[PDB]
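See below for the structure under consideration.
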Amino acid sequence: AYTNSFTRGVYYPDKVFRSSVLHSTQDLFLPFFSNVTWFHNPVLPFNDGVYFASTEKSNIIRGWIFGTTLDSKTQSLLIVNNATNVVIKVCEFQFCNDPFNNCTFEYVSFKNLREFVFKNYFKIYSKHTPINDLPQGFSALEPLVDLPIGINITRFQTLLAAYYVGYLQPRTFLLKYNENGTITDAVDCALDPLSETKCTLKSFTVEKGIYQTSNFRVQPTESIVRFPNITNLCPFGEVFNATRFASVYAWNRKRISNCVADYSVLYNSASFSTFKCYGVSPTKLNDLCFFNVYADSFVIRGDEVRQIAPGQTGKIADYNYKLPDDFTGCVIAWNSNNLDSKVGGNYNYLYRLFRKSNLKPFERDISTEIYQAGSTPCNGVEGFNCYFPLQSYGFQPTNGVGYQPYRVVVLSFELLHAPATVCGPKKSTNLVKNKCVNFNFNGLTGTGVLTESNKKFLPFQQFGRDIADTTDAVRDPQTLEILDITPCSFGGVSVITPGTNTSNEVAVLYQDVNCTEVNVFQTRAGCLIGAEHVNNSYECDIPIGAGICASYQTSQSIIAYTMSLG
Amino acid sequence: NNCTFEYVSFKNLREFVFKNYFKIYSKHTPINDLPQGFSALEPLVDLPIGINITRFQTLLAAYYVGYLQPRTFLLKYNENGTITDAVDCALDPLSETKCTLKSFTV
Amino acid sequence: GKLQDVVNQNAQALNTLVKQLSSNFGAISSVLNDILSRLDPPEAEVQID
Amino acid sequence: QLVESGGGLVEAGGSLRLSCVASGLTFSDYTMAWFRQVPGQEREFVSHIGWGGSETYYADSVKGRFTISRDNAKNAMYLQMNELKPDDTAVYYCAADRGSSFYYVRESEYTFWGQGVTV
Ligand SMILES: *[C@@H]1O[C@H](CO)[C@@H](O)[C@H](O)[C@H]1NC(C)=O
Ligand SMILES: *[C@@H]1O[C@H](CO)[C@@H](O)[C@H](O)[C@H]1NC(C)=O
Ligand SMILES: *[C@@H]1O[C@H](CO)[C@@H](O)[C@H](O)[C@H]1NC(C)=O
Ligand SMILES: *[C@@H]1O[C@H](CO)[C@@H](O)[C@H](O)[C@H]1NC(C)=O
Ligand SMILES: *[C@@H]1O[C@H](CO)[C@@H](O)[C@H](O)[C@H]1NC(C)=O
Ligand SMILES: *[C@@H]1O[C@H](CO)[C@@H](O)[C@H](O)[C@H]1NC(C)=O
Ligand SMILES: *[C@@H]1O[C@H](CO)[C@@H](O)[C@H](O)[C@H]1NC(C)=O
Ligand SMILES: *[C@@H]1O[C@H](CO)[C@@H](O)[C@H](O)[C@H]1NC(C)=O
Ligand SMILES: *[C@@H]1O[C@H](CO)[C@@H](O)[C@H](O)[C@H]1NC(C)=O
């Protein structure tokens with residue numbers, strides 16, 4: 001069941017004594033006219049605070065259970081009134097599922113209303129008053145016990161009548177102390193417009209007039225991002241699907257620059273025999289981008305494919321192609337037996353078998369000098385102890401899987417202190433208009449309401465500005481259409497009211513608003529809500545603007561007429 | 001030779017402005033000895049080549065060269081966005097007065 | 001010119017109020033989001049101040 | 001090369017912790033994985049961890065259950081289980097490689113392989 005907590009749940013936030021003062025404080029209070037969950041056993045959360053109340057007759061209700069896990073293996077606060085006193089414990093007790101160990105703190109101390117407030121260290125406020133279904137009226141809860149137990153609490157339960165629970169919320173209240181220091185009344189600063197007016201005036205009565213209380217702001221709904229359409233993509237079909245590949249010693253190198261570096265082709269293509277990345281993720285390549293992309297394409301045998309990697313040694317890793325110890329790129333190699341192997345053995349691809357010194361990374365040596373393996377200089381004779389380093393490859397279709405040719409392409413990224421123009425695609429959502437959006441076009445970020453504009457930009461212009469150097473219009477990069485930008489409506493809130501000595505019925509005016517962003521009268525001052533519009537004209541009672549004056553008259557309600565000049 | 005960027009795209013006045021990255025502004029108009037009158041140079045090409053430049057030459061008529069200086073100008077945009085006039089804020093006292101008043105008449 | 005002089009004085013005072021938003025006041029950037037994203041909250045607080 | 005620890009009979013619902021220690025690798029520029037062996041059937045992939053542990057993936061039949069981690073201070077990484085279904089009882093193999101691969105599910109893309117955990 002649910003019940004309406006009229007005015008209860010108000011406590012003293014401090015010790016200090018204030019006499020005849022309307023103090024305004026922000027703390028966790030029970031919101032006025034809230035919904036108290038009526039029970040009559042179950043456990044409950046302890047998010048930020050509780051207004052546990054009760055309506056006992058002969059001490060039917062006994063105590064409270066607190067903690068996180070509500071059982072052993074975790075500390076749990078414990079308060080029960082066993083007809084003698086309240087025993088407070090913080091030991092990891094073994095509570096049953098329905099009652100009625102490493103201790104760190106211990107303490108042994110329907111016409112009733114035992115109102116209690118609990119919040120965390122742990123503080124308890126209590127006030128017992130006779131009553132006659134929460135009663136209407138006001139009573140403050142003086143603090144009764146404070147306990148320095150410091151237990152993390154999230155749930156609570158009850159022992160054992162009327163058994164209500166309220167929840168505390170961080171709301172600002174205006175507390176009416178009396179001459180003796182007793183809080184005799186309070187105002188919730190967010191219950192309704194009249195309560196806001198009382199809070200902003202720091203008074204429990206308000207005289208006739210129009211008072212500005214708060215600022216109304218339209219918040220954006222969705223973010224929009226638009227970037228120019230996909231331009232010319234980087235060349236990846238003339239490299240990965242080229243007709244003829246180069247020999248490994250004379251590996252074909254191509255520098256990719258000034259284009260969009262889409263990698264999607266290397267992702268959907270499932271025919272790659274190897275896609276391995278070093279230093280960077282195989283998928284996070286599009287995010288970070290550099291000046292140039294280098295494609296090194298050549299053909300080797302399957303037995304030496306594993307040698308295309310940093311820290312590799314072999315007939316290929318040091319005589320035909322070497323990778324640095326640290327590498328910024330990825331290697332891709334796929335079987336090309338049907339493209340590089342012919343009948344009778346394909347011997348059109350070569351490699352280097354003899355070399356004086358290991359090749360420096362990213363160095364190509366096409367020299368075909370005669371190697372001197374012994375001590376007799378050759379002088380280009382190709383005889384005993386003199387060899388031709390350019391060994392051919394035995395590529396035939398009848399080779400095994402490992403002896404078939406493999407087309408290898410290596411991608412290297414180099415970044416220096418220079419403009420970088422080679423990256424992936426950017427975001428580009430659908431265009432929405434007539435709504436306060438958080439736009440971000442090709443470079444500029446702002447909040448506004450885009451509308452189909454009327455200005456005629458120049459061919460090369462992408463921006464719009466006013467005299468105050470404020471962004472006004474934008475040309476959409478995808479569809480070359482100019483858009484007007486108007487900030488989404490803002491302004492102030494004013495509460496038009498006759499005196500509380502007369503009534504508590506107020507009318508709210510939103511300044512400079514078209515009534516579509518908040519019985520509803522639209523004026524030049526703004527959207528007037530809660531005031532009738534009369535076709536008569538009387539003397540001005542409460543000014544509004546542009547000749548509109550609202551007044552409280554005949555039952556009786558608040559009207560909004562156009563004032564008469566005598 | 002170690003390329004890093006490539007691109008393959010008297011009644012005349014081919015006015016050009018070059019400054020560094022590299023930006024080019026151009027405007028071609030018929031004329032009839034630089035003519036008097038006003039014409040703005042809308043940008044035509046921008047190139048992200050980032051080369052340190054200090055000298056330049058020409059291939060192949062009237063062949064003029066001007067040099068840019070860091071001077072403050074007052075630009076008179078029209079309703080369509082076209083710069084129809086300007087005032088050099090340091091040419092003479094009257095131009096300073098026009099610049100400080102932000103007006104083309106005083 | 002008496003009533004017009006009142007109008008100009010108010011508008012110029014308001015325009016000067018707006019244009020003061022494009023001033024660093026010894027900070028790094030005049031845009032609130034730019035200074036927020038560029039630096040860390042421990043340092044952006046000084047630039048915010 | 002890759003010495004691994006952990007494994008044993010489980011209570012069919014508890015938790016277990018597995019480790020794989022590299023004895024001859026720098027472990028700071030290498031990427032590992034976890035693969036599963038079942039008799040009478042092919043080799044299965046379960047888990048994978050990148051450099052440091054900021055980019056990790058998991059199998060579609062194991063996602064959300066097991067957690068992977070690595071730490072360079074001892075040249076080893078930790079795999080912790082949380083469900084241990086009576087269907088995942090199999091042979092555990094620790095792999096490693098210099099880099100990370102797009103075809104990270106393929107067994108051929110892990111040159112280094114460790115010993116076996118108890119079935
Ligand atoms: C909450 O309060 C409203 C009106 O204040 C009431 O109609 C409703 O029954 C209460 N409870 C719930 C659960 O909505
Ligand atoms: C209440 O409980 C406390 C702590 O167990 C005990 O000391 C006290 O005597 C109890 N009172 C009665 C009336 O049993
Ligand atoms: C508290 O003491 C109990 C006694 O059995 C022990 O099991 C538990 O570990 C202790 N917990 C802490 C947090 O000291
Ligand atoms: C206290 O408990 C809450 C949830 O009950 C948790 O979010 C929070 O981290 C805990 N605090 C500590 C210090 O453990
Ligand atoms: C304030 O305190 C005095 C002194 O006890 C008491 O007589 C009086 O009733 C209290 N209340 C008010 C409203 O004055
Ligand atoms: C409010 O929006 C409506 C759209 O229905 C438009 O016709 C009207 O002119 C707007 N009114 C004002 C005062 O801006
Ligand atoms: C550019 O390449 C040429 C090719 O001969 C080479 O001589 C030169 O050293 C290279 N310069 C730079 C800065 O890379
Ligand atoms: C660019 O060239 C000028 C002279 O031509 C020289 O003073 C300047 O240091 C150069 N800049 C760089 C980065 O080399
Ligand atoms: C401005 O643009 C309009 C529309 O094209 C054109 O007719 C007009 O001649 C232009 N110039 C001026 C000075 O209005």
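Convention: chains lettered A, B, ... in structure tokens order; per-chain residue numbering from 1; ligands numbered from 1 as shown.
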Contact residues around region 4-13 of chain C with only C-alpha atoms at 12 Å, ignoring same-chain residues under 6 positions, as a VMD selection string: (chain A and resid 467 to 468) or (chain C and resid 19 to 20)
Contacts of ligand 5, 12 Å or closer, only C-alpha atoms and all ligand atoms, given as a ChimeraX atom specification: /A:19-20,177-184
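Within 12 Å of chain C, and using only C-alpha atoms, the residues found on chain A are residues 444, 445, 446, 466, 467, 468, 469 and 470 of chain A.
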Restricted to N, CA and C atoms, what would the selected residues look like written as a compact mmCIF listing (two decimals), in the first residue's frame?
```txt
# COMPACT_ATOMS: atom_id res chain seq x y z
N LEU A 444 33.45 22.49 -36.27
CA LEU A 444 32.88 23.36 -35.25
C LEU A 444 31.82 22.64 -34.43
N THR A 445 31.85 22.89 -33.13
CA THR A 445 30.95 22.24 -32.19
C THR A 445 30.09 23.28 -31.51
N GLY A 446 28.80 23.01 -31.41
CA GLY A 446 27.89 23.95 -30.78
C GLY A 446 26.54 23.31 -30.56
N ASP A 466 27.87 36.58 -37.21
CA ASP A 466 27.14 37.82 -36.97
C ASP A 466 28.13 38.93 -36.64
N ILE A 467 27.60 40.09 -36.26
CA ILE A 467 28.46 41.21 -35.90
C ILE A 467 29.25 40.89 -34.64
N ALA A 468 28.64 40.19 -33.70
CA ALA A 468 29.29 39.84 -32.44
C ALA A 468 30.24 38.66 -32.56
N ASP A 469 30.59 38.27 -33.78
CA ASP A 469 31.45 37.11 -34.03
C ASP A 469 30.90 35.86 -33.35
N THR A 470 29.61 35.63 -33.51
CA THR A 470 28.94 34.44 -33.02
C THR A 470 28.48 33.60 -34.20
```
Any idea which chain A residues end up within 8 Å of chain D if we count only C-alpha atoms, as a tab-separated table (two decimals) with N, CA and C atoms, in the first residue's frame please?
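That gives us out.tsv:
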```
chain	number	residue	atom	x	y	z
A	267	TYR	N	39.51	-6.48	-43.96
A	267	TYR	CA	38.74	-7.14	-42.91
A	267	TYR	C	37.79	-8.18	-43.49
A	274	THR	N	47.41	-14.90	-43.60
A	274	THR	CA	48.05	-14.33	-42.43
A	274	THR	C	47.76	-12.84	-42.38
A	275	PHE	N	47.30	-12.36	-41.22
A	275	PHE	CA	47.14	-10.93	-40.94
A	275	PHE	C	47.64	-10.72	-39.52
A	276	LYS	N	48.89	-10.31	-39.38
A	276	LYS	CA	49.51	-10.15	-38.07
A	276	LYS	C	49.99	-8.71	-37.90
A	277	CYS	N	49.77	-8.15	-36.72
A	277	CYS	CA	50.08	-6.75	-36.45
A	277	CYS	C	51.07	-6.63	-35.30
A	278	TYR	N	51.94	-5.63	-35.38
A	278	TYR	CA	52.99	-5.41	-34.41
A	278	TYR	C	52.90	-3.98	-33.89
A	279	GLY	N	52.91	-3.83	-32.57
A	279	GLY	CA	52.86	-2.52	-31.94
A	279	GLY	C	51.49	-1.88	-31.87
A	281	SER	N	47.02	-2.51	-32.60
A	281	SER	CA	45.96	-3.49	-32.67
A	281	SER	C	45.59	-3.77	-34.13
A	282	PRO	N	45.19	-5.00	-34.45
A	282	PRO	CA	44.72	-5.29	-35.81
A	282	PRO	C	43.43	-4.59	-36.19
A	283	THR	N	42.71	-4.02	-35.22
A	283	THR	CA	41.44	-3.35	-35.48
A	283	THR	C	41.44	-1.86	-35.19
```
Surrounding residues as a PyMOL selection string, ligand 7, max 8 Å, only C-alpha atoms and all ligand atoms: chain B and resi 1-3
Return as an mmCIF file with N, CA, C and O atoms, in the first residue's frame every polymer residue, whether protein, DNA or RNA, with at least one atom no more than 8 Å from an atom of ligand 1; count only C-alpha atoms and all ligand atoms.
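So part-v8.cif came out as:
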```
data_model
loop_
_atom_site.group_PDB
_atom_site.id
_atom_site.type_symbol
_atom_site.label_atom_id
_atom_site.label_comp_id
_atom_site.auth_asym_id
_atom_site.auth_seq_id
_atom_site.Cartn_x
_atom_site.Cartn_y
_atom_site.Cartn_z
ATOM 1 N N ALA A 1 0.828 -1.200 0.000
ATOM 2 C CA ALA A 1 0.000 0.000 0.000
ATOM 3 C C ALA A 1 0.864 1.253 0.000
ATOM 4 O O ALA A 1 2.054 1.196 0.305
ATOM 5 N N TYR A 2 0.262 2.388 -0.349
ATOM 6 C CA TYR A 2 0.959 3.663 -0.395
ATOM 7 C C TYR A 2 0.125 4.722 0.311
ATOM 8 O O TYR A 2 -1.108 4.675 0.295
ATOM 9 N N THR A 3 0.809 5.681 0.931
ATOM 10 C CA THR A 3 0.154 6.744 1.677
ATOM 11 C C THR A 3 0.887 8.050 1.403
ATOM 12 O O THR A 3 2.011 8.063 0.895
ATOM 13 N N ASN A 4 0.232 9.161 1.734
ATOM 14 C CA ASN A 4 0.735 10.503 1.461
ATOM 15 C C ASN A 4 1.344 11.083 2.730
ATOM 16 O O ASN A 4 0.633 11.333 3.708
ATOM 17 N N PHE A 33 4.663 15.924 0.715
ATOM 18 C CA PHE A 33 3.572 15.272 -0.005
ATOM 19 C C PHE A 33 4.088 14.134 -0.875
ATOM 20 O O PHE A 33 3.695 13.977 -2.033
ATOM 21 N N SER A 34 4.989 13.337 -0.310
ATOM 22 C CA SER A 34 5.565 12.202 -1.005
ATOM 23 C C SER A 34 4.712 10.957 -0.782
ATOM 24 O O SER A 34 3.659 10.988 -0.139
ATOM 25 N N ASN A 35 5.179 9.841 -1.330
ATOM 26 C CA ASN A 35 4.500 8.556 -1.238
ATOM 27 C C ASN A 35 5.274 7.681 -0.261
ATOM 28 O O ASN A 35 6.377 7.221 -0.575
ATOM 29 N N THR A 37 5.635 4.190 1.388
ATOM 30 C CA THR A 37 5.265 2.803 1.138
ATOM 31 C C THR A 37 4.758 2.169 2.426
ATOM 32 O O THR A 37 5.524 1.964 3.371
#
```
Chain B contacts to chain A at 8 Å (only C-alpha atoms) as a ChimeraX atom specification: /B:4-5,42-43,48-50,80-82
Within-10 Å residues of ligand 6, basis only C-alpha atoms and all ligand atoms, as a ChimeraX atom specification: /A:512-517,522-527
Next, the residues of the selection above should be written as a CSV table (one decimal), in the first residue's frame with N, CA, C and O atoms.
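Ended up saving to part_33.csv:
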```csv
chain,number,residue,atom,x,y,z
A,512,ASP,N,10.0,34.8,-23.0
A,512,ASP,CA,10.6,34.6,-24.3
A,512,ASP,C,10.6,33.2,-24.7
A,512,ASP,O,11.6,32.5,-24.9
A,513,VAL,N,9.4,32.6,-24.8
A,513,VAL,CA,9.2,31.2,-25.1
A,513,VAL,C,7.9,31.1,-25.9
A,513,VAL,O,6.9,31.8,-25.6
A,514,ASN,N,7.8,30.2,-26.9
A,514,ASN,CA,6.7,30.0,-27.8
A,514,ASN,C,5.7,29.0,-27.3
A,514,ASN,O,4.9,28.5,-28.1
A,515,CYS,N,5.7,28.7,-26.0
A,515,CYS,CA,4.7,27.8,-25.3
A,515,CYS,C,4.9,26.3,-25.7
A,515,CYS,O,4.2,25.5,-25.1
A,516,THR,N,5.8,26.0,-26.7
A,516,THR,CA,5.9,24.7,-27.1
A,516,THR,C,7.2,24.0,-26.6
A,516,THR,O,7.5,22.9,-27.0
A,517,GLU,N,7.8,24.6,-25.6
A,517,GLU,CA,9.0,24.1,-25.0
A,517,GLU,C,8.9,23.8,-23.5
A,517,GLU,O,9.9,23.4,-22.9
A,522,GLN,N,-0.4,33.0,-24.7
A,522,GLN,CA,0.9,33.4,-25.3
A,522,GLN,C,0.9,34.9,-25.5
A,522,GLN,O,0.0,35.4,-26.2
A,523,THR,N,1.8,35.6,-24.9
A,523,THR,CA,1.9,37.1,-25.0
A,523,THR,C,3.3,37.4,-25.6
A,523,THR,O,4.1,36.6,-26.0
A,524,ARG,N,3.6,38.7,-25.6
A,524,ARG,CA,4.9,39.2,-26.0
A,524,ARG,C,6.0,39.0,-25.0
A,524,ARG,O,7.1,38.8,-25.3
A,525,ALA,N,5.6,39.0,-23.7
A,525,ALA,CA,6.6,38.7,-22.6
A,525,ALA,C,7.0,37.2,-22.6
A,525,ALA,O,8.1,36.9,-22.3
A,526,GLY,N,6.0,36.3,-22.9
A,526,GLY,CA,6.3,34.9,-22.9
A,526,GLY,C,5.1,34.1,-22.7
A,526,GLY,O,4.0,34.6,-22.7
A,527,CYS,N,5.3,32.8,-22.4
A,527,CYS,CA,4.2,31.9,-22.3
A,527,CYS,C,3.6,32.0,-20.9
A,527,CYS,O,4.3,31.7,-19.9
```
Within 10 Å of ligand 3 (only C-alpha atoms and all ligand atoms), residues as a list in words: residues 72, 73, 74, 75, 91, 92, 101, 102, 103 and 104 of chain A
